[PDB]
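Colleague: Fold the following, please.
(chains A, B, C, D and E)
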Amino acid sequence: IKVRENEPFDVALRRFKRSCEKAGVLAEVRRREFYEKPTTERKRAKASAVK
Amino acid sequence: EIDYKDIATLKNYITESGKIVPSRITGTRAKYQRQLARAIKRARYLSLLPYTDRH
Amino acid sequence: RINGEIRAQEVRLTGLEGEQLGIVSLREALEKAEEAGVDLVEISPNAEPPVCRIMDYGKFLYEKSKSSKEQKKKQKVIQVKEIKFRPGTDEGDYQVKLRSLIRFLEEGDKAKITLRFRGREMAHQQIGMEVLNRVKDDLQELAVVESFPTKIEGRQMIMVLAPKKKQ
Amino acid sequence: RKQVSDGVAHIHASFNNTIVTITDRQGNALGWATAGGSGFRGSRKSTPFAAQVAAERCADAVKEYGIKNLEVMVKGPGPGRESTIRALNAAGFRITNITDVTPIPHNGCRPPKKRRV
RNA sequence: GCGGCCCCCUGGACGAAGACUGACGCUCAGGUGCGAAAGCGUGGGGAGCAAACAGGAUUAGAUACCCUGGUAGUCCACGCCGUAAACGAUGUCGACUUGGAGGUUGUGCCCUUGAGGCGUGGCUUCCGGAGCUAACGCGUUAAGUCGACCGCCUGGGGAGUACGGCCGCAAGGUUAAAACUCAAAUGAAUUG
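Modeller: Residues are numbered from 1 along each chain as shown, chains lettered A, B, ... in the order given. Below, you will see the structure:
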């Protein structure tokens, strides 16, 4: 995740690595633990976005 | 194919971090990526490519 | 006042161990604080001379914060208490309410009571005053009256009791 | 003083925290600042304007040395993380690195559960 | 119910041709074993957070919804416990009956000549013919037409309790209780 960022850009341009790290999942597990539920929530975008 | 000694060729299928690229992007057959992932993990054990690129 | 915000010509500076340093230039104190690698806090700017206390920044910060915080928790533990009373009282739920009320009062919390009168009591205020007296009658040595009701505000009553303090 | 052109800027943007700390290789104290120390008690400490004011606060606390560039230890997806760097990178100096050092633990520990809201 | 990489045993599954046994098959009352997590017994550990518990804020509040600590506990060793929305809310086995779009797995050939057709199995989703249903829907893996054999249902509450028995010291688990009460509890579908 170590990159040699320079002056002009000043913002972001690390979307791929930020998505790879994905602190959201650790933030969510920080509060409550489930082990089961996300399986039901998925398989809906692919099923719906077809025509 | 069944080989594992093409780390240069293998490097194309890893991220800059070396992370495991799903076939959704590459489009390879599942059988192939299975052996590819095995080879990648074994190479990681041999420290040819790191666990992650920040090491 | 921090750094250059200090404007008093003469200030009272005291050492870390409490020695009397007298009135000295602010430059030396600022240099000592900067070498002390932490931030600078002034306590009383309005005093002439302003009083300055030097101690390592958040060590002293959160020590005094601890003192104030424990003094805040010195106040009685606050839940909120309110149980209504109705003249249309039955046999045992009367005792249920009485036990709840005495349980909350023994907790040593502030008083908060609302009492609803059943319907047409505005022309029959006699029953209301009698049941209030019976509350006093059932709390002769158990509760103390602070104000005596004479006026009816809508269908409820505004009245505040006081806690029994051992004096 | 004693320009070396390499150092460390530890920054950690949390929900109620955002800080900047400046040090060289060894780690004798050089500079740091806290948003909570800047005020903003309550839900204001990590807010972007408080974030950036603490950022130029730390920057000013460390402008005395005049070295050219350092590394930035980017940490914490808490509120801010951009107004902080935006106030920092605007210092005019060169920047060397942006690194999200926040580790990726892999089944590390069970975290708390109580909070309903 | 099962996911990093190594080393020992391995019911399966299908494709190929061949081979020899010659009905040797299905359900299986009781009977036998396995069996989510929690929990209970003797040995080590607590990074983990949380049962109780400790400090705070809180409205009509009832230890409450959030904060900081926190014991068992979860992990290996042996035993017990055998229940769960243990549901695809569909007992097991075999035979027949429109069509399409999938992935996934394999052999055969011919252009593998790239990423074509062929016959493959097992599942997968979307469909939807007929038909079946009160409808919802189901719909070659039928809730379609049949066959063979077990299990189970007979208004609601009373009530999975009364007792007895059985098994487990332990928590409890299976078999099943009337008197009384009701005229109903229902299931699918139309307007705010």
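
Colleague: Could you find the closest non-adjacent residue to residue B:52?
Modeller: For residue B:52, the nearest residue in space outside its immediate sequence neighbours is residue B:17; the separation is 5.4 Å by Cβ to Cβ, 6 or more residues apart in numbering or on different chains. (Each C-beta comes from the backbone N, C-alpha and C, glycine too.)

Colleague: correct me, but that neighbour touches residue B:55?
Modeller: No. Residue B:17 lies out of contact with residue B:55 (Cβ atoms under 8 Å); the separation is 10.2 Å.

Colleague: Show me the residue at the heart of chain C, geometrically.
Modeller: When chain C is reduced to its mean C-alpha position, the nearest residue by Cα atoms, centre = their mean turns out to be residue C:75, at 5.9 Å.

Colleague: for residue 22, what are its contacts?
Modeller: By default, I'm working from chain A. Counting by Cβ atoms under 8 Å, 6 or more residues apart in numbering or on different chains, residue A:22 makes contact with nothing.

Colleague: other chain: chain C
Modeller: With contacts taken as Cβ under 8 Å, 6+ apart, residue C:22 has the following neighbours: residue C:13.

Colleague: next one: the one 10 residues further on
Modeller: For residue C:32, the contacting residues are residue C:54, by Cβ under 8 Å, 6+ apart.

Colleague: Checking it next. Helix, strand or coil?
Modeller: Here residue C:32 is helix, with the state taken from DSSP: H, G, I helix; E, B strand; the rest coil.

Colleague: so how many other residues sit close to the closest residue to chain D within chain A?
Modeller: As assessed by Cβ to the nearest Cβ, chain D sits closest to residue A:5 within chain A, at 4.0 Å. For residue A:5, the count of nearby residues is 20 (other Cβ atoms under 10 Å in any protein chain shown).

Colleague: okay but it is in contact with residue D:98, surely?
Modeller: Yes. A contact is recorded between residue A:5 and residue D:98 when judged using Cβ under 8 Å, the distance being 4.0 Å.

Colleague: Kindly point out which residues are neighbours of both of the two.
Modeller: Overlap between the contact sets of residue A:5 and residue D:98, as judged by Cβ under 8 Å, 6+ apart, is given by residue D:72.

Colleague: Up against RNA strand E, what does chain A have?
Modeller: Applying the criterion Cβ under 7 Å from any atom of the strand, the portion of chain A that neighbours RNA strand E consists of A:31, A:47.

Colleague: do stretch B:35-48 and RNA strand E meet?
Modeller: Yes. Counting by Cβ under 7 Å from any atom of the strand, RNA strand E has neighbours in stretch B:35-48: B:38, B:41, B:42, B:45.

Colleague: Now do the contacts for residue D:99.
Modeller: For residue D:99, the residues meeting the contact criterion (Cβ under 8 Å, 6+ apart) are A:1, A:2, A:3, B:54, D:71, D:72, D:73, D:74.

Colleague: In chain D, which residue sits nearest chain C?
Modeller: With Cβ to the nearest Cβ as the measure, the residue in chain D that lies nearest chain C is residue D:29; the distance is 4.3 Å.

Colleague: Quick check: that residue is in a strand.
Modeller: No. Counting by three-state DSSP, residue D:29 is not part of a strand but coil.

Colleague: The residue nearest to residue B:52: what's it in contact with?
Modeller: Residues in contact with residue B:17, defined by Cβ under 8 Å, 6+ apart, are A:1, A:17, A:20, B:52, B:53, B:54.

Colleague: which stretches of the chain form helices?
Modeller: Since you didn't name a chain, this refers to chain A. Taking DSSP state H as the criterion, chain A contains helices spanning A:15-21, A:23-30, A:38-41, A:45-48.

Colleague: oops, chain D please
Modeller: Counting by DSSP H, the segments of chain D that form helices are D:48-62, D:83-89.

Colleague: And for chain B?
Modeller: So, for chain B - with DSSP H - the helices run B:7-11, B:23-26, B:30-45.

Colleague: among the ones you listed, which is nearest residue C:17?
Modeller: helix B:30-45 (58.0 Å; Cβ to Cβ).

Colleague: Please see if that closest one touches chain A.
Modeller: No. For a cut-off given as Cβ under 8 Å from any Cβ of the partner chain, helix B:30-45 has no contacts with chain A; the smallest distance is 15.5 Å.

Colleague: I'd like to know which residues of chain D are adjacent to chain A.
Modeller: D:72, D:77, D:82, D:85-86, D:89, D:94-102, D:104-105, D:110-113, D:115.

Colleague: filter those residues to the buried ones?
Modeller: Neighbour-count burial (16 or more other Cβ atoms under 10 Å in any protein chain shown) applied to the residues of chain D next to chain A gives D:72, D:77, D:85-86, D:89, D:95-102, D:104.
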